[PDB]
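A.B. asks: Sharing a structure with you now.
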Amino acid sequence: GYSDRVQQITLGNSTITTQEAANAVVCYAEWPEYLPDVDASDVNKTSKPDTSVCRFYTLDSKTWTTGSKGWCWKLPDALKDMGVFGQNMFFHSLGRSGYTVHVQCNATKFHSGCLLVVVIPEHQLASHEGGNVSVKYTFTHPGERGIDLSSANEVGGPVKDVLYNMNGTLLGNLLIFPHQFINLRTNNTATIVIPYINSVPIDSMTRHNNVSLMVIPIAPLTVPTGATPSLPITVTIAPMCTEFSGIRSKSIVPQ
Amino acid sequence: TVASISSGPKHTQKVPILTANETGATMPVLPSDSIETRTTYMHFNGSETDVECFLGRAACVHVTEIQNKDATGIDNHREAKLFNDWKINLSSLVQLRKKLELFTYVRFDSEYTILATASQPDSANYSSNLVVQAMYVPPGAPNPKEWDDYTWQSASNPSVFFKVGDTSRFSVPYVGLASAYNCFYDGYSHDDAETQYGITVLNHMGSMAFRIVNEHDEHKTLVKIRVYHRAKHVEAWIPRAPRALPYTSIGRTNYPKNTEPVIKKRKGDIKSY
Amino acid sequence: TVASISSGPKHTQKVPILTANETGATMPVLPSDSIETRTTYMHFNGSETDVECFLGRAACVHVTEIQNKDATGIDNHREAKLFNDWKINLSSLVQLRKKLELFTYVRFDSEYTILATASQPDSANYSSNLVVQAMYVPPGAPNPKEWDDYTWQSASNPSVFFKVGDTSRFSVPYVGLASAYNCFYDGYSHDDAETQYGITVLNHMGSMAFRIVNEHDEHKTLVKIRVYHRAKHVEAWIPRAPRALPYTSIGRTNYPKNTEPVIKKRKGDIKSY
Amino acid sequence: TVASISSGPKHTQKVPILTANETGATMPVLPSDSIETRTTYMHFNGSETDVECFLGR
Amino acid sequence: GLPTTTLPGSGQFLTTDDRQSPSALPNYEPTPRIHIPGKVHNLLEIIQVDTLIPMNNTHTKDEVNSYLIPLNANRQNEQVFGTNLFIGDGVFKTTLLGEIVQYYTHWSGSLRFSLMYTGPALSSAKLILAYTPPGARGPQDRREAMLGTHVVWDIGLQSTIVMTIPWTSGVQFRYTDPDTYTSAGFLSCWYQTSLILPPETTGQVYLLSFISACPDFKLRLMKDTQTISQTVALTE
Amino acid sequence: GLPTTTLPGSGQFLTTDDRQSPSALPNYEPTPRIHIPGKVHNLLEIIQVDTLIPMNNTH
Amino acid sequence: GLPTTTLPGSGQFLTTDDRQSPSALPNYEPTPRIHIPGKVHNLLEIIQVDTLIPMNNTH
Amino acid sequence: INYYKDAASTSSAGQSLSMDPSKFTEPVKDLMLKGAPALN
Amino acid sequence: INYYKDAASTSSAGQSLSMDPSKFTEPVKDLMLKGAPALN
Amino acid sequence: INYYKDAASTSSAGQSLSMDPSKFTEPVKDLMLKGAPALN
Ligand SMILES: Cc1cc(CCCCCCCOc2ccc(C3=N[C@H](C)CO3)cc2)on1
Ligand SMILES: Cc1cc(CCCCCCCOc2ccc(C3=N[C@H](C)CO3)cc2)on1
């Protein structure tokens with residue numbers, strides 16, 4: 008009586024149940040694991056807070072309306088302030104982590120709409136100015152708020168044009184990245200497990216984000232007659248196999 | 017190898033063509049799941065689509081130019097193209113760039129070919145024979161200042177001398193600092209509020225300097241350098257969506273404003289053929 | 017091997033020389049069936065009549081020309097021969113063409129040799145040394161527009177750079193879409209009422225582009241390109257009647273009107289020697 | 017080859033980090049004598065610092 | 001001294017040749033490789049992942065909406081969409097498949113075309129997808145369409161339908177740049193019965209459509225893509 | 001570096017010589033051969049089929 | 001005479017290449033080596049000897 | 029025959045002949061069998 | 029010795045030494061023996 | 029393969045792979061053990 012459909016994920020002191028899942032994706036078919044010695048470089052023993060950092064943090068909720076263009080969060084940024092995960096983050100020189108991402112959106116059998124939930128490794132954004140204008144730090148570190156693709160261009164911020172993925176590629180091809188759809192008629196959640204993907208064994212958690220999670224409405228939300236025209240979307244994310252190394256004074260970052 | 021097996025009528029409870037794309041999978045459906053097929057063999061291996069093959073041919077990565085002329089009274093050799101620099105990078109000419117950016121991280125050895133041809137746009141009695149000297153100036157090593165500085169001694173820095181009209185060829189191991197080169201980097205060099213964003217901060221490998229070894233003749237000679245790059249021993253990770261809009265800058269993803277629609281509009285209906 | 021066996025007088029009921037040609041056969045009759053012969057050996061193998069040998073020597077297949085000159089103010093490089101195209105094909109120069117069309121389908125690898133020589137028809141101080149760059153532009157790949165377009169980067173398209181006066185040589189595998197190249201094709205590309213008939217519709221392989229890499233000197237230089245083609249690994253099917261009338265077009269069988277009698281008229285009688 | 021071995025807390029009478037430089041020696045002290053380390057390998061031979069290489073271009 | 005003769009081609013530079021060269025950095029030791037998920041070995045590996053087709057190409061500036069094929073409730077017998085199968089051009093051209101095919105001159109193989117339905121769960125519909133092999137015109141009505149490769153799709157719990165365009169061809173390779181002789185057919189879709197919405201519901205519903213290549217597929221003779229060009233070298 | 005000497009004829013192009021060359025299309029896979037009746041191997045095979053002689057050349 | 005083809009790079013001088021050359025002094029006999037204390041093999045050997053740092057740079 | 033000492037100086041590599049699209053085409057956590065229902 | 033990797037790059041092929049004119053000179057359905065009458 | 033007769037004409041030497049800093053880092057007459065007191 009197991010269905011692909013019902014699932015339970017327990018991680019730390021927190022549990023999620025979905026009764027309307029559509030399997031789960033594990034990026035590149037690899038599950039998060041700690042850093043092996045053969046791959047290690049820094050000689051420091053690392054710190055593995057385990058259950059105090061590897062639990063589920065639910066970010067603040069978004070509201071899908073007929074005019075929504077899509078939202079974008081960066082990792083580990085989105086979690087920069089969650090509990091002890093965040094403290095560890097500002098206090099060590101280097102850290103490394105994988106995540107379980109669970110995006111939630113329920114409706115009824117009269118609604119229609121379909122969101123794309125995708126994880127993009129190394130999502131370098133484009134400046135809407137063109138040329139070689141850079142995208143300032145603050146703009147690519149929105150924190151739990153994430154970036155709202157239907158917000159206005161700002162100065163020093165990225166471009167927010169959806170048919171171009173914020174980088175000069177077409178929305179249609181985002182499907183080459185680990186992703187899952189939430190089609191109100193099928194699905195009510197999306198779950199993706201992200202292994203740590205980098206060109207170095209461990210890195211800085213503040214100067215470099217290693218994935219952007221993106222939720223994009225593709226088939227517009229259509230509510231039943233005289234229904235309220237909107238649904239909330241909630242994102243809950245859990246660091247998994249986290250390791251921190253090179254402890255010290257506590258980083259100070261712009262803004 | 018069979019490309020298609022033989023398959024006949026079906027009346028089952030087992031439907032391989034109905035799936036749920038919401039899952040993120042592309043189910044491996046074949047012609048024989050939905051029509052009646054006959055056996056056929058592949059006769060093919062997919063040899064020429066190997067990434068080593070795809071990135072393994074020489075591509076032009078840079079065209080520069082230097083001239084041989086009397087430096088007498090020149091206050092800025094660099095500025096007179098008495099020599100010149102190439103702030104090495106592969107992202108400057110777009111054909112090869114779109115190919116590499118199909119991947120996120122890439123690792124390979126480089127084979128460089130350098131073709132040098134001379135031009136004599138204004139009245140010369142003859143064509144002189146010039147020797148070019150291309151020198152590798154890595155980060156932290158003294159940049160040349162005149163076309164005949166102590167720098168050109170290049171006692172510790174590789175340098176190749178070849179003749180204009182000829183070609184020079186040598187191969188450099190993968191010089192990246194990390195395990196792969198980042199084709200993309202969503203980071204900064206530090207948490208500064210105004211530091212540059214992107215890959216330019218990362219893909220810092222120094223530069224190349226070219227000069228003519230010959231002193232000047234009576235006429236002036238323009239030498240134009242073309243650098244070709246071939247990846248050998250390629251390794252590529254994490255495929256990405258191909259580049260759709262035009263490029264504007266080395267190392268940023270930025271596209272131009274008021275660009276044009278990249279998807280061709282139908283001449284007719286959705287229903288049109 | 018015997019070329020003739022010894023044979024003596026015959027008075028038989030078994031006549032090998034009477035046959036019925038209406039059957040379509042050529043009965044294998046020999047000297048020894050009708051005269052008295054002596055033994056003789058062949059001393060020969062027929063080596064130099066092998067089709068690999070017959071089609072295996074280089075033949076000139078194309079002569080084109082490009083010039084190096086100041087492109088300043090040229091509105092149409094292609095038109096100034098600032099570069100040029102060769103809509104590749106083997107049917108353009110007739111010596112090799114008659115040889116190939118002795119067969120209906122032919123399959124082979126090609127070895128190309130390209131000789132480039134320069135001419136300076138009007139007053140020059142000297143002969144410059146130019147490098148040619150021949151590029152392979154296949155069907156569906158961006159044709160160049162100026163002599164120094166992004167196209168010439170040729171990041172994915174083969175290209176060879178050699179010096180004028182020298183020769184370039186490389187070999188291309190059999191690139192046909194079918195199992196053999198059709199020397200003839202009695203068809204159309206589709207059932208259209210006005211589509212072209214013939215082989216031109218079939219033998220579509222794209223084209224070749226040549227250009228000089230050098231910028232301009234003070235004089236002008238004419239470079240004339242000759243492409244030679246040698247078939248290697250030849251396979252030929254279905255022999256046909258040799259070409260009798262002159263050719264008029266690449267890819268059609270058409271002969272010229274009011275052509276001349278191709279059979280030599282006797283100077284004398286049927287009875288004449 | 018290991019570049020660093022794994023080493024944990026220490027509370028000894030055996031102090032490798034106190035020396036007397038007046039002796040003229042450079043005592044071979046390592047990260048693992050004064051912090052807690054994890055194993056890591058060298059992955060490197062020191063090929064390009066050989067004097068033949070240094071004076072050989 | 002051993003006697004030699006040099007052949008035609010000496011000194012040429014062929015961008016496609018593969019030979020040894022002296023290393024400029026003798027004895028240098030590259031950084032160790034660490035493990036990174038996601039390694040690609042063949043472009044054939046990636047063109048089997050499906051991506052969305054902007055089938056609804058009828059707009060005037062690129063929009064998220066050209067990915068949506070609309071469906072109308074209560075229409076009978078009628079046609080949902082049509083397209084030829086020049087995978088190197090037109091709708092296909094910007095898709096990952098289209099985009100890679102363009103790096104090669106010839107392609108052969110089967111294509112997988114699937115449609116995922118996004119209408120309310122309490123609605124229902126039956127569509128017919130038809131592949132018309134080269135030689136006939138794009139079908140003009142379902143009767144015409146239904147006589148060639150087709151699948152009646154019944155919209156249900158299982159949200160997507162995967163249609164395969166089996167390789168139907170005389171010649172074993174076709175050109176990726178659109179050629180006549182070498183052309184591959186048409187793909188059309190019609191109401192089999194009709195879309196029906198539940199009460200309290202209204203308007204258009206959309207289908208998303210994807211394209212990917214079957215394991216069948218072959219691509220050969222690499223060349224340059226018409227999809228990217230430039231007028232001056234970029235700088236930093 | 002192995003010592004060599006080049007002989008007379010170096011650099012010449014003889015249309016009849018038979019040597020190896022680099023392939024411009026590294027790794028390309030040609031179309032499979034299918035069977036076709038009629039293969040010719042030697043011109044000696046075909047000159048044994050008889051054909052008509054315009055003997056009456058007098059026109 | 002063995003057929004050859006020369007590749008791109010022929011005739012170049014790369015200061016970092018390592019090949020054989022004819023000896024200008026054929027048959028000459030170098031002075032014997034005697035023992036000398038102190039041989040260095042790697043620069044890695046010497047950067048492990050400590051030296052003083054002008055830390056008080058303020059002059 | 030390598031004429032040179034360093035590995036970077038050798039010619040192009042030789043075909044992976046690796047090929048495994050499943051990391052890209054089927055990265056699902058619970059295995060999907062073709063023919064069995066997608067969602068149970 | 030092939031110096032190159034691809035088959036197209038090898039020299040000319042070597043003599044068929046196949047040679048069988050009968051597909052062209054005697055494509056008759058019922059075998060004709062020289063010496064026996066052509067038409068029986 | 030050496031093509032030449034004299035030893036000077038051969039290419040560069042090959043890595044010492046000798047490496048022993050103790051003549052430079054620990055030339056002390058009585059051996060010092062790390063961890064034991066420097067001056068007893
Ligand atoms: C003489 C002489 C001259 C030289 C130069 C040696 C080459 C050094 C440069 C190494 C290559 O540097 C790279 C630049 C860019 C990239 C890269 N750009 C893309 C996004 C991806 O990778 C990789 C390597 O050596 N000897
Ligand atoms: C640089 C560079 C330049 C090139 C060109 C490669 C060659 C491609 C063309 C292949 C040969 O094309 C044919 C044209 C005609 C015929 C043919 N004509 C006759 C009727 C029969 O066959 C066969 C092949 O490759 N690299």
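Residue numbers (the entry's author numbering), protein chains in the order written: chain 2, 8 to 262; chain 1, 17 to 289; chain 1', 17 to 289; chain 1'', 17 to 73; chain 3, 1 to 236; chain 3', 1 to 59; chain 3'', 1 to 59; chain 4, 29 to 68; chain 4', 29 to 68; chain 4'', 29 to 68. A prime marks a further copy of an entry chain.
A virtual CB, placed ideally from N, CA and C, is assigned to each residue, including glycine.
Hey, does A213 (chain 3) have any beta-carbon neighbour from chain 2 nearer than 7 angstroms?
C.D. replies: The sequence position of residue 213 (chain 3) within the fifth sequence is 213, counting from 1. With 7 angstroms as the cut-off, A213 (chain 3) does not count as an interface residue toward chain 2.
A.B. asks: Does the Cβ-Cβ distance between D101 (chain 1) and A225 (chain 1) come in under 7 angstroms?
C.D. replies: Here residue 101 (chain 1) is taken as the residue at index 85 of the second sequence, counted from 1. Here residue 225 (chain 1) is taken as the residue at index 209 of the second sequence, counted from 1. Against a cut-off of 7 angstroms, the Cβ pair of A225 (chain 1) and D101 (chain 1) comes out as a contact.
A.B. asks: Does DSSP put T176 (chain 3) in a helix, in a strand, or in coil?
C.D. replies: Numbered from 1 along the fifth sequence, position 176 holds the residue referred to as residue 176 (chain 3). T176 (chain 3): coil per DSSP, three-state reduction.
A.B. asks: Cα-Cα, which of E231 (chain 1'), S63 (chain 1'), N270 (chain 1') is closest to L98 (chain 1')?
C.D. replies: One-based indexing of the third sequence puts residue 98 (chain 1') at position 82. Here the closest residue by C-alpha is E231 (chain 1').
A.B. asks: Mind checking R103 (chain 2): buried by the 16 CB within 10 Å criterion, or exposed?
C.D. replies: The residue given as residue 103 (chain 2) occupies position 96 in the first sequence. When all chains shown are included, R103 (chain 2) counts as buried.
A.B. asks: Taking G181 (chain 1) and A134 (chain 1) to be in contact with their CB atoms under 8 angstroms, please state how far apart those CB atoms are, rounded to whole angstroms.
C.D. replies: By 1-based counting over the second sequence, the position of residue 181 (chain 1) is 165. By 1-based counting over the second sequence, the position of residue 134 (chain 1) is 118. That belief holds up - the Cβ atoms of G181 (chain 1) and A134 (chain 1) are roughly 7 angstroms apart, short of 8 angstroms.
A.B. asks: Could you tell me if the beta carbon of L116 (chain 1') falls within a distance shorter than 6 angstroms of some heavy atom in ligand 2?
C.D. replies: Within the third sequence, the letter at position 100 stands for residue 116 (chain 1'). Within the cutoff, so yes.
A.B. asks: Measuring straight from C-alpha to C-alpha, what distance separates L146 (chain 1) and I228 (chain 1)?
C.D. replies: Against the second sequence, residue 146 (chain 1) aligns to sequence position 130. Against the second sequence, residue 228 (chain 1) aligns to sequence position 212. Roughly 6 angstroms between the two C-alpha positions.
A.B. asks: If you measure beta-carbon to beta-carbon, which residues of the segment 10 to 33 of chain 3 are closer than 9 angstroms to chain 1'?
C.D. replies: The segment 10 to 33 of chain 3 vs chain 1', Cβ under 9 angstroms: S10, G11, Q12, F13, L14, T15, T16, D17.
A.B. asks: Strictly under 7 angstroms for the Cβ-Cβ distance: is residue 292 (chain 1) near chain 4 by that measure?
C.D. replies: This structure does not reach residue 292 (chain 1), given that chain 1 is present from 17 up to 289, and the question cannot be answered.
A.B. asks: Tell me which residues of the segment 37 to 71 of chain 1'' have at least one Cβ-Cβ distance to chain 4'' shorter than 8 angstroms, keeping chain order.
C.D. replies: Flagged, chain order: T39, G40, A41, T42, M43, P44, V45, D49, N61, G62, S63, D66, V67, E68, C69.
A.B. asks: Is it true that the segment 134 to 144 of chain 2 meets the segment 265 to 279 of chain 1, where meeting means three or more beta-carbon pairs spaced less than 8 angstroms apart?
C.D. replies: Output reads yes: the segment 265 to 279 of chain 1 touches the segment 134 to 144 of chain 2.
A.B. asks: The alpha helix (DSSP H) spanning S50 (chain 4') covers which residue range?
C.D. replies: Along the ninth sequence, one-based indexing puts residue 50 (chain 4') at 22. Looking at the DSSP string, the run of the alpha helix (DSSP H) that includes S50 (chain 4') is 50 to 53.
A.B. asks: Starting from the Cα of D208 (chain 1), find the closest Cα among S48 (chain 2), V260 (chain 2), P165 (chain 2) and give me that residue.
C.D. replies: Counting from 1 along the second sequence, the entry for residue 208 (chain 1) is found at position 192. Checking every option, the nearest Cα to that of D208 (chain 1) belongs to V260 (chain 2).
A.B. asks: Mark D48 (chain 4') as exposed unless 16 or more other C-beta atoms lie within 10 angstroms of its C-beta, in which case mark it buried.
C.D. replies: Translated into positions along the ninth sequence, residue 48 (chain 4') becomes position 20. The residue is exposed, with fewer than 16 neighbouring Cβ atoms inside 10 Å.
A.B. asks: In three-state terms, what does DSSP make of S187 (chain 1')?
C.D. replies: The count along the third sequence starts at 1 and reaches residue 187 (chain 1') at position 171. Three-state DSSP puts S187 (chain 1') in a strand.
A.B. asks: Can you give the Cα-Cα distance for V40 (chain 3) and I254 (chain 1), rounded to whole angstroms?
C.D. replies: By one-based count along the fifth sequence, residue 40 (chain 3) stands at place 40. By one-based count along the second sequence, residue 254 (chain 1) stands at place 238. C-alpha separation (whole angstroms): 7 angstroms.
A.B. asks: My assumption, with CB atoms under 8 angstroms, is that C79 (chain 2) sits in contact with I189 (chain 2). Please give the rounded CB distance.
C.D. replies: Within the first sequence, the letter at position 72 stands for residue 79 (chain 2). Within the first sequence, the letter at position 182 stands for residue 189 (chain 2). Not really, about 16 angstroms apart at Cβ, beyond 8 angstroms.
A.B. asks: Go ahead and label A159 (chain 2) buried or exposed: buried means 16 or more other beta carbons lie within 10 angstroms of its beta carbon, across all protein chains shown.
C.D. replies: As a working note, residue 159 (chain 2) is residue 152 in the first sequence. That one is exposed.
A.B. asks: Residues of chain 3 with CB under 7 angstroms from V217 (chain 1'), in chain order?
C.D. replies: Within the third sequence, numbered from 1, the residue matching residue 217 (chain 1') stands at position 201. In chain order: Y181.
A.B. asks: Decide if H99 (chain 2) is buried, meaning its Cβ has at least 16 other Cβ atoms within 10 Å, or exposed.
C.D. replies: As a first step, residue 99 (chain 2) must be located in the first sequence, where it is residue number 92. Result: buried.
A.B. asks: Could you tell me whether the Cβ of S37 (chain 4'') comes closer than 7 angstroms to any Cβ of chain 1''?
C.D. replies: By one-based count along the tenth sequence, residue 37 (chain 4'') stands at place 9. For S37 (chain 4''), the answer is no, since every Cβ of chain 1'' falls outside 7 angstroms of its Cβ.
A.B. asks: Closest Cβ-Cβ distance between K57 (chain 4') and chain 1': below 7 angstroms?
C.D. replies: Here residue 57 (chain 4') refers to the residue found at position 29 when the ninth sequence is read from its first residue. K57 (chain 4') does not count as touching chain 1'.
A.B. asks: Since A75 (chain 1) and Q111 (chain 1) are thought to touch, with beta carbons under 8 angstroms apart, how far apart are those beta carbons, to the nearest angstrom?
C.D. replies: Along the second sequence, one-based indexing puts residue 75 (chain 1) at 59. Along the second sequence, one-based indexing puts residue 111 (chain 1) at 95. With a Cβ gap of about 6 angstroms, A75 (chain 1) and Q111 (chain 1) count as contacting.
A.B. asks: Can you list the residues of chain 3 that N30 (chain 4) reaches, using a CB-CB cut of under 9 angstroms?
C.D. replies: Mapped onto the eighth sequence, residue 30 (chain 4) falls at position 2. Those within 9 angstroms of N30 (chain 4) in chain 3 are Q20.
A.B. asks: Under 7 angstroms between beta-carbons, which chain 3 residues line up against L7 (chain 3'')? List them in chain order, please.
C.D. replies: For the purposes of this step, residue 7 (chain 3'') is taken as residue 7 along the seventh sequence, with counting starting at 1. Simply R19.
A.B. asks: Consider the Cβ of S159 (chain 3): report whether some Cβ of chain 1' lies at a distance smaller than 7 angstroms.
C.D. replies: Translated into the one-based positions of the fifth sequence, residue 159 (chain 3) becomes position 159. Chain 1' contact via Cβ: absent.
A.B. asks: Which chain 3 residues sit within Cβ distance under 8 angstroms of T4 (chain 3'')?
C.D. replies: In the seventh sequence, residue 4 (chain 3'') corresponds to position 4, counting from 1. Within 8 angstroms Cβ-Cβ: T4, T5, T6, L7, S10.
A.B. asks: Determine the DSSP secondary structure at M96 (chain 2), reduced to helix, strand or coil.
C.D. replies: As a working note, residue 96 (chain 2) is residue 89 in the first sequence. Of the three classes helix, strand and coil, the one that applies to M96 (chain 2) here is helix, per DSSP.
A.B. asks: Under 6 angstroms from any heavy atom of ligand 2, does the C-beta of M221 (chain 1') make it?
C.D. replies: The residue labelled residue 221 (chain 1') in the question sits at position 205 within the third sequence. Yes - ligand 2 has a heavy atom lying nearer than 6 angstroms to the Cβ of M221 (chain 1').
A.B. asks: Between which two residues does the beta strand (DSSP E) containing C214 (chain 3) stretch?
C.D. replies: As a first step, residue 214 (chain 3) is located in the fifth sequence; it is residue number 214 there, counting from the start. It is not in any beta strand (DSSP E) - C214 (chain 3) carries neither H nor E in the DSSP assignment.
A.B. asks: How about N198 (chain 1'): is its C-beta nearer than 7 angstroms to some C-beta of chain 3?
C.D. replies: Here residue 198 (chain 1') refers to the residue found at position 182 when the third sequence is read from its first residue. For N198 (chain 1'), the answer is no, since every Cβ of chain 3 falls outside 7 angstroms of its Cβ.
A.B. asks: For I82 (chain 1), does the count of other Cβ atoms within 10 angstroms reach 16, so buried, or fall short, so exposed?
C.D. replies: Translated into the one-based positions of the second sequence, residue 82 (chain 1) becomes position 66. Its Cβ being crowded by 16 or more others within 10 Å, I82 (chain 1) is buried.
A.B. asks: Assuming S194 (chain 3) contacts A136 (chain 3) (C-beta within less than 8 angstroms), just tell me the rounded distance between them.
C.D. replies: If you number the fifth sequence from 1, residue 194 (chain 3) lands on position 194. If you number the fifth sequence from 1, residue 136 (chain 3) lands on position 136. About 26 angstroms separates the two Cβ atoms, so there is no contact after all.
A.B. asks: Beta-carbon of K115 (chain 1) versus every beta-carbon of chain 4: anything under 7 angstroms?
C.D. replies: Walking along the second sequence from the start, residue 115 (chain 1) turns up at place 99. No, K115 (chain 1) does not count as interfacial toward chain 4.
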